[PDB]
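Trainee: pasting an experimental structure with its sequence.
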Amino acid sequence: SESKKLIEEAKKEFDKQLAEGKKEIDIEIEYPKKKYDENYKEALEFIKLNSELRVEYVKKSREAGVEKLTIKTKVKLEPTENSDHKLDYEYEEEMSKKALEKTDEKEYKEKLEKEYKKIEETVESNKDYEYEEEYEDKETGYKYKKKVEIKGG
Ligand SMILES: [Ca+2]
Ligand SMILES: [Ca+2]
Ligand SMILES: [Ca+2]
């Protein structure tokens, strides 16, 4: 699938930047601009793979000594003239070295998986769910912005 290929290219670029010894890694994975008609399950797979990929990102950045890691994920299935069905998802995460040090992998994986499960449940059920989220821990230098908008006609 296209989502799996995008995830593989992102993995390879992340590993290439790790091997080169970078202290500032900025990974941005954007699903191609498509319509909601046929791509909803593929977008759900894209979100699931990005969620599973951020957990590996955090470990491989902390062990490599990365000083600042930014992971950005974006999917936008736009509505057609016929329906109001739409699926917008944007998740940006910025972690400093202390942030990478203080991340509990278990709680992080649980949070990502619960968020994705709620997204999948809302998308499958044809329900409306819109939420924005901005978090900033200044002491540990952890920040994230998340915007999700799920509409079923
Ligand atoms: Ca609805
Ligand atoms: Ca709105
Ligand atoms: Ca609205």
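Mentor: Structure received. Numbering: from 1, shown residues only. Ligands and ions are numbered 1, 2, ... in the order given.
Trainee: C-alpha only now, for contacts and for neighbours.
Mentor: Will do.
Trainee: from memory residue 29 sits against residue 74, does it?
Mentor: Yes: applying CA atoms under 8 Å, one finds residue 29 in contact with residue 74, separated by 6.6 Å.
Trainee: more neighbours: these two, which one.
Mentor: Taking other CA atoms under 10 Å, residue 29 and residue 74 do not tie; residue 74 has more neighbours (22 against 17).
Trainee: kindly state the beta-bridge partners for that one.
Mentor: Counting by DSSP bridges, residue 74 is bridged to residue 30, residue 90.
Trainee: now do the same contact list for it.
Mentor: Listed by CA atoms under 8 Å, 6 or more residues apart in numbering, the contact partners of residue 74 are 29, 30, 31, 88, 89, 90, 91.
Trainee: redo that, cut-off 6 Å
Mentor: 30, 89, 90 (CA atoms under 6 Å, 6 or more residues apart in numbering).
Trainee: and which of the residues you listed is nearest to ligand 1?
Mentor: residue 89 (17.2 Å; CA to the ion).
Trainee: count of neighbours near that closest one?
Mentor: Residue 89 has 19 neighbouring residues, counting by other CA under 10 Å.
Trainee: the protein: helices as residue ranges?
Mentor: Assigned by DSSP state H, the helices in the chain fall at 2-19, 36-64, 97-102, 105-124.
Trainee: now the angle from the second one to helix 2-19?
Mentor: I take that to be helix 36-64. 20 degrees (axes from the mean of the first three to the mean of the last three CA atoms, to 10 degrees).
Trainee: tell me what angle helix 36-64 forms with helix 105-124.
Mentor: Orientation check (the same axes, to 10 degrees): helix 36-64 against helix 105-124 gives 180 degrees.
Trainee: show me which residues of this structure sit near ligand 1.
Mentor: For the chain, the contact set with ligand 1 under CA under 5 Å from the ion comprises 127, 152.
Trainee: residue farthest from the centroid of the chain?
Mentor: Note on the chain: the largest C-alpha distance from the chain mean falls to residue 82, namely 28.8 Å (CA atoms, centre = their mean).
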